[PDB]
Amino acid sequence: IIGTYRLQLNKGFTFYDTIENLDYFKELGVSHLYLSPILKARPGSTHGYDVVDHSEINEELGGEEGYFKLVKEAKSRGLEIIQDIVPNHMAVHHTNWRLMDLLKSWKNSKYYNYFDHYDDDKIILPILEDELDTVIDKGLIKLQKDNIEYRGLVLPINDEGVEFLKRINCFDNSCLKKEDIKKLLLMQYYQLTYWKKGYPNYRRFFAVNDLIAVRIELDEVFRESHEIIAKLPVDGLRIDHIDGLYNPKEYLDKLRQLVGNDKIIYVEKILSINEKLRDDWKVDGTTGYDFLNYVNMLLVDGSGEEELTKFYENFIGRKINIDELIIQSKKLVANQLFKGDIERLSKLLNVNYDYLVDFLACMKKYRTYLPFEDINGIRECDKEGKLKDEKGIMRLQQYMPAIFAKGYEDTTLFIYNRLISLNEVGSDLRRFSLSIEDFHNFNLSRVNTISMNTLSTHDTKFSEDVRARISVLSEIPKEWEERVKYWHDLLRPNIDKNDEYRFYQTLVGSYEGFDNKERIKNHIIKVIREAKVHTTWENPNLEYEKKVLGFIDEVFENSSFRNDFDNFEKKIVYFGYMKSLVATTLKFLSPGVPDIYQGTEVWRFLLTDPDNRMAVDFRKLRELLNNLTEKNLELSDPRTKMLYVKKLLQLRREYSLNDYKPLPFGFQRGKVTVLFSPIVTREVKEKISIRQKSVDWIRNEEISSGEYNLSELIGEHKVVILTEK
């Protein structure tokens, strides 16, 4: 109802670690703690999306005891929970006893249909670090009476294998041959392979072999997998990857039936160019990528579009067309990561493999929702009317988001580097910037929504503050161009200029001094592997990657670069905070519910997961909150941003806001007016009329009715908030 605060739970931050910080959250002003998944995940999981037991609350977080202790402790200071749940899939680990049961007994297992496996004879688990023969030859498979172990993974032995071991009267590695181990493995209901020379014959999360989907569309599977979930004393739920479901609508109807229509439910689901959530999803919105990108585009200055475009082209010496890039990247991922699944979907749907890859690469939204959506939702890419089997399309719909996500989010976003502050999850790189009236129209359609407004998550490519700095370049492209050409002649890098160009922008976004350089180094390596041009996760080009790492060591080692960059960067950083405050105000005061990624209630520069997964120093945040004040804060002081978070969450509790009236450079909701300027490096020339005695809500300094320059109202921060009386 007022604000959500996302916490990344794990062993290093447990239910008890949360309990210690409840007074902080309360005083910050937030109403809901937005908890990461809490069912038992693999031991040591830093994130909890690799579920291994549906019927138990993760002991590494505090177990069932800690959770209810947390909840009751939290409610006792007006804090509610929105609990992240993961319906679609589980992890291949021995701690997943349901899955082990299927591996042991196959058709005799009650969990035979709980898992989305393709074939009825075997399951192929491409999880070996080497060829099976090599693994065996190295003796990396340890035998017991009734189980094998590989790299700490325990898998059971079926009846036939155990009969074999009794025949040869041998139950450890000492009393049998390598070809005996071989024979034993070949007769297991599971067949282990090298992770690169095997297609899984089961449905995954995207292309993650470790994760196998559960068949929640079957009513027994849904009941069992939501047994603990249904008992949770929580105000709300967030649904991970709902687009993976065979029938999301049916799933939401059963979830609503289960936990009642009063709970707040958000879905993780990426919306495209004009899409909205299905009317019949009894759901209160998404986690807010739509909002994020609307603000994100608004922060970008349109007048720099042509110049940034032409320089990018000139600097890499290659023109890049975005629509072809998107298309080729989806086709790249279809063939590289999902060839096995698309081969099967071709046979199921009676089409040629290429036509089907062409169709998936054509889809302009993440997926269609037959049998509820009409068949003409696939009409436009199925130009030849080949796709007709309803259930086949229903089946295909489960893979459609994986092509969009892996092709656009995890490939295109790491290649088209014109201005990477835009390369975000849920973005549309076909557009560049957005207007205030565009922003108003977006809000107008959401005036009564409680959907999340967020600018940073555990999956966003960057934190909001990283994007705010890089977007400043759009306002000063000429100066930007000068710097890059000098840096490029100064350093003489033996690498792809697209990688080099990428790096510079990343430094601009994330600069906190020329130390701690392993973060940017690891990130850039991740970037170019995602890009899939000179290297990949499956086949790292160690020779190229070393050139890239060499370049970055040279950079941090070049006094001329450091001094030049440092001086350019002072401007960026100064203007970036401004954009960040504008965005921040927009997040708390637009229609919808504002979300806070842990630690980002102050300045915080996070790159891509896993960099955005670093520990948050709550002790420090508490000390800042303790010493909070409204004068004379340096813009770059962390208390400046925290001040906004605390005062706008507070605003949310005292002033009614259900109302939205657009202004040329702001908007009104009740007795609240927001005035801002997304452009920050140039003085805004506008007259503004304050009709009535108002209060600067951050400064608590009354402003009297009258005409004003806008530049005087918004001052250094580029945003003001006015309340009446």
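Throughout, we count residues from 1 along the sequence that is shown.
Stretch comparison (415-423 versus 197-205) by mean CA B-factor in the PDB entry places 197-205 on top. Here the stretch with the larger average CA B-factor, out of 590-598 and 489-497, is 489-497.
Across the residues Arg653, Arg613, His89, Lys330, the deposited record lists the maximum Cα B factor for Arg653. Residues shown: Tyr266, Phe605, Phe171, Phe291. Highest C-alpha temperature factor in the entry: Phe171. In this PDB entry, the Cα temperature factor of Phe667 sits in the top third of its chain's modelled residues, the highest group.
Split the chain's modelled residues into thirds by C-alpha temperature factor. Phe164 is in the highest one. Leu621: CA B factor in the highest third of modelled residues in this chain (values from the PDB entry). Per the PDB record, residue ranking by Cα B-factor puts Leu9 in the lowest third of the chain. Among all modelled residues in this chain, the alpha-carbon of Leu455 has a temperature factor (C-alpha) in the lowest third.
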